[PDB]
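There is one chain below, alone, in structure tokens, taken in the form deposited in one PDB entry.
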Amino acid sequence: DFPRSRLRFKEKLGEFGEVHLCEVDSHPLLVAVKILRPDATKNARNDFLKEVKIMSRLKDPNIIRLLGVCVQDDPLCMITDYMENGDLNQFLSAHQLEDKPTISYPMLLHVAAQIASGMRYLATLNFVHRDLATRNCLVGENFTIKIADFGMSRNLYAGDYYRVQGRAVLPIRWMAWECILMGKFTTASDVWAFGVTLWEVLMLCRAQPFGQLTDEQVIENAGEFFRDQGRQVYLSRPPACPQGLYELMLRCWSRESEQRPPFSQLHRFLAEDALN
């Protein structure tokens, strides 16, 4: 529950808490195991226990799945699926769009449809992710995608978060205008972050959203959405993205939260309409 002795620690996969590739004899069975740092504070331990609880809610092919736990003894462990290809941002970065390692346009749509399906599931639970982005997705065998949430602290993605002393850490470049101005999050702001995530996929993660603008400019842009005088600025159409699919992204960035398409409609478009 889970038998900790059945675990065989093999390699470190990354870094609050280390993640390790482990083997389970059942024989070539691989899992990911997250362990609390030896010097974790009482606050870190509490957060870890809550992550376990939140994660235990989530049961979908395109969401990270809690396979097991070791909490009745120290140190605390969380066990998930091992996703061979690591995070989606690093994965796409190592690929180029097929001409005429490579990835094809239809494969990009399949990646995006899987994210939409995972988010469709979350919406059914009335669960708001709050930090959807390619950096929070993992890639397994055969371009299979699982949405996760690594938190906001990793050095690699430091530049994706706006930090003011004593305030919540904010992924402003993925955030709906109402999130920036009022600091609250909904399924409708998850849709907006999905539009930005889809922009990243079609960019093959080559540039930060609004990359040529400062943090302060991105925040003032939310103000311009609010005022609605036609001065707001949008992510440009990626090279690999045709106009029809771009117009979908634009609906995700509608000023009015109710005008943003539900994830059920987004999934339909990506899995069906976008095929023609």
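One rule holds for the numbers: they count along the sequence shown, beginning at 1. Here, rigid core means the biggest group of C-alpha atoms that superpose within 1.5 Å across both forms.
The gap between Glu15 and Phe16 holds 1 to 3 unmodelled residues of the deposited sequence. Higher mean CA B-factor, judged across 166-174 and 148-156 from the recorded values: 148-156.
Stretches compared: 204-212, 221-229. Higher mean C-alpha B-factor in the entry: 221-229. When the C-alpha B-factors of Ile180, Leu76, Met119, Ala193 are ranked from the entry, the top spot goes to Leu76. Within the selection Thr187, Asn89, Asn142, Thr197, the deposited Cα B-factor values reach their highest point at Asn142. In the PDB entry, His95 places in the highest third of its chain by CA B-factor.
Compared with the other modelled residues of the chain, the Cα B-factor recorded for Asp60 ranks in the middle third. Annotation for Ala113: C-alpha temperature factor in the lowest third relative to the rest of the modelled chain, per the entry. Annotation for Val71: CA B-factor lies in the highest third of the chain's modelled residues. In the PDB entry, a CA B factor belonging to the middle third of its chain's modelled residues is recorded for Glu247.
Only in words, not in the display: the form deposited in another entry, which the text now covers.
In the core-superposed comparison between this form and the one not shown, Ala168 has its Cα shifted by at least 2 Å. Relative to the superposed core, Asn142 shifts its CA atom by less than 2 Å between this form and the one not shown. Once both forms are fitted on their core, the CA shift for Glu84 between this form and the one not shown remains under 2 Å. Whereas the displayed form keeps them at a certain spacing, the CA atoms of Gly166 and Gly211 lie at least 3 angstroms closer in that other deposited form. The pair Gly159 and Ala168 is tighter in that other deposited form: their Cα-Cα distance falls by no less than 3 Å compared with this form.
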